[PDB]
Amino acid sequence: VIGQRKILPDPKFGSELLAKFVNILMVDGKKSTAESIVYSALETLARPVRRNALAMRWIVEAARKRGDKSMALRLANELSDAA
Amino acid sequence: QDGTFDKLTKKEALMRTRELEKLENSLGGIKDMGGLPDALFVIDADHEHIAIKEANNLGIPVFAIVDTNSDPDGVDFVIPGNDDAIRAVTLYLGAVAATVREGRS
Amino acid sequence: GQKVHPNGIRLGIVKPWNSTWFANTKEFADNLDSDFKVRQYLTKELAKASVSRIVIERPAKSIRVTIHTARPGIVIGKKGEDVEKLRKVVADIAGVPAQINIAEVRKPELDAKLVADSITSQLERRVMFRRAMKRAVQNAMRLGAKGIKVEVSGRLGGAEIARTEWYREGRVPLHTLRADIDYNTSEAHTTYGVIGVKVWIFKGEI
RNA sequence: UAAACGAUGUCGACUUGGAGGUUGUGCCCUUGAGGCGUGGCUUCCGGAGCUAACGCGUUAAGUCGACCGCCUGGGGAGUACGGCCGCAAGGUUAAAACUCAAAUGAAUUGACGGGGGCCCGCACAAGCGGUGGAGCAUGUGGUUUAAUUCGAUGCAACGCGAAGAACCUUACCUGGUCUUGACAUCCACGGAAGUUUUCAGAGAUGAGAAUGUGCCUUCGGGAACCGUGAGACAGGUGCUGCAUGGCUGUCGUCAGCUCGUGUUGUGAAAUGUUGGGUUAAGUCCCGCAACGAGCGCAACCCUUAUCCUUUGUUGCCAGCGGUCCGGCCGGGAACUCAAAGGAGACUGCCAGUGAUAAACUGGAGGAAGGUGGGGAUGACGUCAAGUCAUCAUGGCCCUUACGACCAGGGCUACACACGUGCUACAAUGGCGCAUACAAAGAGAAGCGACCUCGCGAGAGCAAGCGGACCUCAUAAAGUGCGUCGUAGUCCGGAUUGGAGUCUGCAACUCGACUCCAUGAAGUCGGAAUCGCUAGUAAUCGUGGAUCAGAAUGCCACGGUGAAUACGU
């Protein structure tokens with residue numbers, strides 16, 4: 001067997017527990033947009049590869065056609081409701 | 001030597017050589033005149049019956065030690081002793097080495 | 001198909017180009033077409049001259065076509081008149097003051113084209129190919145070539161069914177890119193069907 | 001009467017072993033077995049020997065002797081007839097005609113073998129993105145038409161040949177036309193060809209009008225061409241791809257395929273080519289009657305990563321000078337970069353596991369770690385797979401003709417069934433503005449800059465560039481702000497109109513794109529299925545081929561750039 005891919009820690013905070021999250025809410029290779037999505041939701045709110053990955057995917061996967069101003073900020077509400 | 005020097009890279013040549021010297025322990029033992037054997041000496045007749053068979057197929061005298069399991073059929077100069085108790089077989093070995101080393105006289 | 005052509009894949013390897021001129025796109029098509037024109041009426045007019053290769057090169061607005069032959073005497077003629085007449089047929093079918101160089105092909109039955117041509121020559125003469133194809137098989141062995149393969153193709157003998165047989169001897173490491181494989185083909189226009197021949201010559205490493 | 005069988009008559013003798021079981025018994029342990037004998041029965045290995053082989057092998061199918069029974073190709077047939085026997089029931093004894101050239105035993109190979117395992121693989125598991133819904137693009141079958149040319153037609157046809165259809169194209173057809181022909185060679189006659197012309201026709205051509213008549217002219221005629229005359233002949237995208245060559249796809253970058261010599265076997269043949277592991281690998285160690293070899297796998301070839309050396313332009317600007325401040329110029333040759341050559345990665349080392357080995361697990365150094373990465377490379381053979389239409393080709397077919405030229409119009413016609421896509425179906429967003437950072441390519445009837453006109457297809461002028469020198473070409477995505485607020489909409493572009501803009505004799509058939517103008521169907525789509533384990537999926541742009549003109553297709557380049565793997 002082989003281990004899971006090792007990703008460099010999120011440069012902005014130098015922490016590994018945030019890069020994996022921003023890579024899956026990402027769409028179509030648009031990482032640059034991803035920070036515009038989640039950092040606005042994060043910087044302004046103020047085996048380990050099975051259950052954390054699956055549960056956190058469920059959070060991202062319900063923001064496609066909810067029909068409001070912008071799901072960019074709706075997911076901020078969703079995580080605010082979650083938190 | 002000069003293969004590693006000129007043609008092959010040292011690493012790959014060293015590994016192929018390293019996996020290949022394992023047989024010249026038997027090979028280099030036979031190159032004094034390209035073999036051409038004239039007699040054979042076997043210490044365990046049954047455990048190496050193959051050699052006796054090939055030898056008598058070529059019509060070659062065989063020097064064999066048989067104790068309880070092997071047979072005198074394949075051999076002509078039978079030495080009915082043990083194949084174990086390394087001291088005795090080594091004594092035979094020293095004796096035959098000597099007696100072939102004064103044969104010329 | 002299944003196999004790669006051994007000569008062309010080794011073009012950037014030990015096998016050298018037999019057409020070496022540098023020209024721009026404008027004349028590249030014309031020169032290449034001129035190469036086929038000079039070549040088509042060079043092998044056809046030398047079908048019984050043991051032509052091995054026809055190498056074309058254009059140093060400066062004048063091509064120098066050197067012909068690899070195992071029998072230069074027929075191509076040269078008596079005091080070079082045959083090269084001279086072939087030269088002025090090349091010189092006016094190539095547009096340049098061409099000259100024809102000649103090179104003896106030593107050890108003739110060890111050339112891929114010659115073996116393919118020699119078998120093809122004594123194949124439409126109504127002889128059994130089993131002995132004929134072994135002759136190239138046997139002859140190459142005494143004169144080196146520690147590896148060779150001579151394959152024949154469909155319509156082997158008077159019959160309605162095509163067959164194939166290649167009869168390898170020696171070692172032919174076609175995967176090895178520095179094998180220096182001499183390979184060429186030919187076809188036999190027999191009264192029945194068409195018979196193609198394919199020969200590989202392994203002239204040692206590098 | 002039974003396959004009443006060990007398919008093995010009875011009796012005796014002799015001929016190596018090993019492993020048992022059952023039942024006596026002697027010596028010594030005077031414990032019960034015990035240790036050592038010694039009988040009888042009996043099961044199984046195996047030696048010599050024997051056997052066709054399988055096998056048997058001291059319980060012989062060995063080596064012999066005594067006597068008995070029996071056999072004499074398969075079928076007819078253990079049948080008919082007779083006899084004897086039996087309660088009929090049937091048994092026993094036991095033919096022949098006729099027919100066949102075999103029937104048969106044992107063993108060998110390899111074939112269904114629906115009684116197996118093992119291993120590997122985006123095959124499944126996980127995750128990601130999708131196609132099947134719609135509109136267009138293209139392709140395939142089906143409808144009509146003169147034709148909608150032909151072939152491809154499960155995986156291995158269906159954005160296939162075709163990488164590019166206004167005529168030509170194009171192989172199809174309507175009409176006109178030519179019959180040694182449009183195309184090739186040979187014979188003869190003329191005229192040079194070529195150039196300028198008209199007239200009839202759509203042209204192929206035909207009827208005419210002028211110039212020329214050129215190099216030898218060794219005086220002919222060649223040197224060329226054109227027209228004509230009879231003939232050979234030409235010509236064919238005509239037909240068979242199961243006649244083929246050649247070329248291609250196919251299982252499948254799957255790992256097997258065989259040979260020399262040996263050995264075994266009377267022999268066909270087996271061995272090699274086997275177990276354990278191990279590898280991506282018939283990769284390799286260990287024990288093995290086999291050693292080896294060949295094609296096989298890897299590697300050698302190309303590319304990429306680190307570094308170095310050389311050269312320093314059209315490329316770069318670390319240092320200096322001032323700068324028409326822009327590497328712009330001196331100048332520097334440091335650096336990127338450019339292209340040549342080397343070094344570097346080799347389980348090399350270390351620890352541990354593993355038989356100590358192979359190998360593996362990690363670590364260290366190292367830019368690169370365990371074939372570092374990606375390409376090229378496809379074994380014997382598999383599909384009578386496909387191509388006769390790229391070409392060649394056997395046979396067959398028409399030679400005032402499916403031949404050929406020309407004009408035209410087909411090839412794109414729809415009423416559909418389905419691939420392959422692109423467009424998308426939007427609020428990780430769309431629109432407006434400032435708006436940065438690519439690589440890779442191409443450019444001479446060409447890329448074509450600046451400027452101007454121009455709502456633009458763009459147009460006019462026209463520098464440079466046959467190019468690390470200029471153009472293609474401002475790369476978008478991305479960033480900052482604002483805005484659009486679910487509106488079948490600011491999305492989306494089909495569809496349709498006016499005009500264009502370019503290409504060419506000529507675009508409506510059947511070009512592209514645009515200015516302006518439409519503005520519908522499409523808000524994620526059914527079971528099902530496809531691709532994918534890293535710079536990978538997923539986006540966004542870039543160039544190129546073919547190409548007068550004609551990319552949702554192909555090829556190549558870059559930018560941004562993921563998530564998952566418990567296992568078979």
Side-chain angles (χ1 to χ4, degrees), chain A residues 1-7 19-38 40-41 47 49-50 53-54 56-57 60-61 63-75, chain B residues 7-16 18-20 22-23 49-51 53-54 57 69 71 73, chain C residues 1-6 8-15 24-26 120 146-147 149 152-156 158-164 166 168-180 185-198 200 202 205-206:
Chain A
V1 301
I2 63 168
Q4 194 52 257
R5 217 165 284 275
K6 277 74 177 175
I7 313 308
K20 188 59 66 190
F21 302 75
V22 307
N23 288 33
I24 76 160
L25 68 94
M26 183 177 177
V27 64
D28 281 278
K30 299 293 95 179
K31 179 67 66 65
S32 178
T33 286
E35 288 97 12
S36 300
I37 289 277
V38 70
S40 67
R47 295 197 299 172
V49 302
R50 265 206 176 271
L54 284 197
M56 183 278 288
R57 285 195 186 97
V60 160
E61 283 297 325
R64 67 181 293 271
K65 185 63 92 168
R66 88 175 58 191
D68 214 353
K69 154 174 298 284
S70 278
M71 283 73 74
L73 192 144
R74 297 289 95 73
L75 60 88
Chain B
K7 297 289 104 170
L8 282 74
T9 175
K10 58 162 75 79
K11 334 285 181 58
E12 294 294 329
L14 62 83
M15 294 182 286
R16 47 98 184 178
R18 156 175 61 101
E19 195 161 343
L20 188 153
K22 299 296 183 181
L23 188 153
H49 176 75
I50 313 308
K53 188 173 182 286
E54 293 180 354
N57 175 27
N69 47 7
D71 54 342
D73 291 331
Chain C
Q2 294 180 0
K3 318 293 177 308
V4 68
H5 194 120
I9 190 166
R10 278 163 199 73
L11 263 185
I13 300 90
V14 304
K15 298 288 94 175
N24 279 112
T25 311
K26 280 74 176 175
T120 314
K146 62 92 175 179
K149 175 193 188 307
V152 301
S153 287
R155 308 290 288 282
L156 278 182
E160 206 152 337
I161 318 288
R163 293 182 183 174
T164 300
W166 39 280
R168 180 183 294 144
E169 70 275 16
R171 63 185 290 270
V172 192
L174 281 171
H175 269 66
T176 295
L177 300 182
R178 51 163 154 91
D180 186 74
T185 62
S186 288
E187 87 194 271
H189 291 87
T190 308
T191 70
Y192 63 92
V194 176
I195 297 163
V197 304
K198 296 161 142 142
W200 299 254
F202 173 42
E205 285 274 334
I206 197 164

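So you know, we letter chains A, B, ... as the sequences are listed, proteins then strands, and number each from 1.
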Visitor: For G348(D) and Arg18(B) - does any side-chain N or O of the residue sit under 4.0 Å from the phosphate oxygens OP1/OP2?
Guide: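 Yes, because at least one side-chain N or O of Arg18(B) sits under 4.0 Å from OP1 or OP2 of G348(D).
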Visitor: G214(D) and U503(D): how far apart are their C1' atoms, nearest whole angstrom?
Guide: 41 Å
Visitor: Indicate whether OP1 or OP2 belonging to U479(D) is found under 4.0 Å from a side-chain N or O atom of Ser32(A).
Guide: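 For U479(D), OP1/OP2 do have a side-chain N/O of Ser32(A) under 4.0 Å.
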Visitor: Using a 4.0 Å heavy-atom cut-off across all strands, classify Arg74(A) as base, sugar-phosphate, or nothing.
Guide: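 Touches nothing.
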Visitor: Take the protein atom CG of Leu20(B) and the nucleotide atom P of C284(D), then report the distance between them rounded to whole Å.
Guide: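 Checked: the CG to P distance equals 12 Å.
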Visitor: When we call it a touch if two heavy atoms are under 4.0 Å apart, what does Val38(A) touch: a base, just sugar-phosphate, or nothing?
Guide: nothing
Visitor: Where the side chain of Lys31(A) is concerned, which of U564(D), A384(D), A562(D) is the nearest nucleotide?
Guide: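 Nearest to the side-chain atoms of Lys31(A), counting from C-beta on, is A562(D).
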Visitor: Looking at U180(D), is it paired to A88(D) in the Watson-Crick or G-U wobble sense, both distances under 3.5 Å?
Guide: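 Between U180(D) and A88(D) there is no Watson-Crick or G-U pair with both distances under 3.5 Å.
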Visitor: Between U568(D) and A123(D), do both key distances fall under 3.5 Å for a Watson-Crick or G-U wobble pair?
Guide: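 Yes, a Watson-Crick or G-U wobble pair.
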Visitor: Heavy atoms only, 4.0 Å cut-off, all strands: where does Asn57(B) land among base, sugar-phosphate and nothing?
Guide: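 If one applies the 4.0 Å heavy-atom cut-off, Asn57(B) turns out to touch the sugar-phosphate alone, with no base involved.
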Visitor: Is there a Watson-Crick or G-U wobble pair linking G26(D) and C36(D), both distances under 3.5 Å?
Guide: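 Result yes; both H-bond distances under 3.5 Å.
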Visitor: Strictly below 4.0 Å: does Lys20(A) bring a side-chain N or O up to OP1 or OP2 of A563(D)?
Guide: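 Yes, because at least one side-chain N or O of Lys20(A) sits under 4.0 Å from OP1 or OP2 of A563(D).
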Visitor: Give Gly154(C) one of three labels, base, sugar-phosphate or nothing, depending on what nucleic acid heavy atoms sit under 4.0 Å from its own.
Guide: sugar-phosphate
Visitor: How about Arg163(C): does its CZ atom have over 12 heavy atoms from other parts shown lying under 6.0 Å from it?
Guide: no
Visitor: Tell me, for nucleotides 247-254 of chain D in 5' to 3' order, what letter each nucleotide earns: B for a base near a protein heavy atom under 4.0 Å, S for only sugar-phosphate near one, - for neither?
Guide: SBBB----
Visitor: Please determine whether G245(D) and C391(D) constitute a Watson-Crick or G-U wobble pair, defined by two donor-acceptor distances each under 3.5 Å.
Guide: yes
Visitor: For the pair made of CE in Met26(A) and P in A538(D), what is the distance, rounded to whole Å?
Guide: 14 Å
Visitor: Pull up the glycosidic torsion of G220(D) and say syn or anti, syn being anything within 90° of 0.
Guide: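 Classified syn.
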Visitor: Categorize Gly29(A) for me: base, sugar-phosphate, or nothing, with a 4.0 angstrom heavy-atom threshold over every strand shown.
Guide: base
Visitor: What nucleotide, of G296(D), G344(D), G559(D), holds the atom closest to the side chain of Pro173(C)?
Guide: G296(D)
Visitor: What nucleotide, of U428(D), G127(D), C380(D), holds the atom closest to the side chain of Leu25(A)?
Guide: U428(D)
Visitor: When all nucleic acid strands are considered with a 4.0 Å heavy-atom cut-off, which category describes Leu75(A): base, sugar-phosphate, or nothing?
Guide: nothing
Visitor: Have a look at the sugar of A551(D) and report north or south, taking a positive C1'-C2'-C3'-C4' as north and a negative one as south.
Guide: south
Visitor: In terms of base orientation, is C515(D) syn or anti, with the syn window spanning 90° either side of 0?
Guide: anti
Visitor: Looking at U400(D), is it paired to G267(D) in the Watson-Crick or G-U wobble sense, both distances under 3.5 Å?
Guide: no
Visitor: Can you tell me the distance, in whole Å, between the CG atom of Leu177(C) and the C1' atom of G375(D)?
Guide: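 To the nearest whole Å, that distance equals 12 Å.
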Visitor: On the nucleotide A444(D), are OP1 or OP2 found under 4.0 Å from the side-chain N or O atoms that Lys26(C) carries?
Guide: yes
Visitor: Do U38(D) and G541(D) form a Watson-Crick or G-U wobble pair, with both donor-acceptor distances under 3.5 Å?
Guide: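 No.
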Visitor: For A357(D), take OP1 and OP2 only and decide whether either is under 4.0 Å from a side-chain N or O of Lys22(B).
Guide: no
Visitor: If only atom types and distance count, is the side chain of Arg168(C) paired as donor or acceptor with the main-chain N or O of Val172(C) below 3.5 Å?
Guide: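 No, because the side chain of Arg168(C) does not come within donor-acceptor range (under 3.5 Å) of the backbone of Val172(C).
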Visitor: Could you identify the nucleotide paired to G256(D), looking across every strand shown and requiring Watson-Crick or G-U wobble geometry with both distances under 3.5 Å?
Guide: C295(D)
Visitor: Please determine whether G75(D) and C98(D) constitute a Watson-Crick or G-U wobble pair, defined by two donor-acceptor distances each under 3.5 Å.
Guide: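 Paired: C98(D) with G75(D), WC or G-U, both distances under 3.5 Å.
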Visitor: Just the rounded figure in Å: distance from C1' of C242(D) to CD of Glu160(C).
Guide: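 That distance rounds to 9 Å.
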Visitor: Taking the nucleotide of RNA chain D with the nearest heavy atom to each, does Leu174(C) or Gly3(A) sit closer to the 5' end?
Guide: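 It is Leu174(C), whose closest nucleotide lies nearer the 5' terminus.
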Visitor: What nucleic acid atoms does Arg171(C) come within less than 4.0 Å of, heavy atoms only: base, sugar-phosphate, or nothing?
Guide: sugar-phosphate
Visitor: Kindly indicate whether the side chain of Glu12(B) and the base of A299(D) share any N or O donor-acceptor pair separated by less than 3.5 Å?
Guide: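 Result: no qualifying N/O pair found.
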Visitor: Based on the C1'-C2'-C3'-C4' torsion angle, does the furanose ring of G78(D) adopt a north or a south pucker?
Guide: south
Visitor: Tell me if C233(D) and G181(D) are paired here, counting Watson-Crick or G-U wobble when both donor-acceptor distances sit under 3.5 Å.
Guide: yes
Visitor: What pucker, north or south, follows for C455(D) from the sign of the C1'-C2'-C3'-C4' torsion?
Guide: south
Visitor: Quick one: which of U244(D), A563(D), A427(D) gets closest to the side chain of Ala162(C)?
Guide: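 Per side-chain heavy atoms of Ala162(C), the pick is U244(D).
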Visitor: Is the glycosidic angle of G229(D) within 90° of 0, making it syn, or outside that range, making it anti?
Guide: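 You should classify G229(D) as anti.
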Visitor: Mind checking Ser153(C) for me? I need base, sugar-phosphate or nothing, with any heavy atom below 4.0 Å counting as a touch.
Guide: sugar-phosphate
Visitor: Check whether any side-chain nitrogen or oxygen of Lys65(A) sits under 4.0 Å from OP1 or OP2 of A427(D), and answer yes or no.
Guide: yes
Visitor: Give a yes or no on whether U177(D) and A404(D) are a Watson-Crick or wobble pair, applying the 3.5 Å threshold to both distances.
Guide: yes
Visitor: Out of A298(D), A534(D), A563(D), which nucleotide sits closest to the side chain of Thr176(C)?
Guide: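 The listed nucleotide nearest to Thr176(C)'s side chain is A298(D).
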Visitor: Once you apply a heavy-atom cut-off of 4.0 Å, does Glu54(B) come out as touching a base, just sugar-phosphate, or nothing?
Guide: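 It contacts base atoms.
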Visitor: With rounding to whole Å, what would you report as the distance between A475(D) and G559(D) at their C1' atoms?
Guide: 9 Å
Visitor: Between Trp166(C) and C295(D), does any side-chain N or O lie under 4.0 Å from OP1 or OP2?
Guide: no
Visitor: Looking only at N and O atoms, is any donor in the side chain of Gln4(A) or the base of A565(D) less than 3.5 Å from an acceptor on the other one?
Guide: yes
Visitor: Given a cut-off of 3.5 Å on both distances, is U261(D) paired to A290(D) by Watson-Crick or G-U wobble rules?
Guide: yes
Visitor: Taking a positive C1'-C2'-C3'-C4' angle as north and a negative one as south, how is the sugar of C68(D) classified?
Guide: north
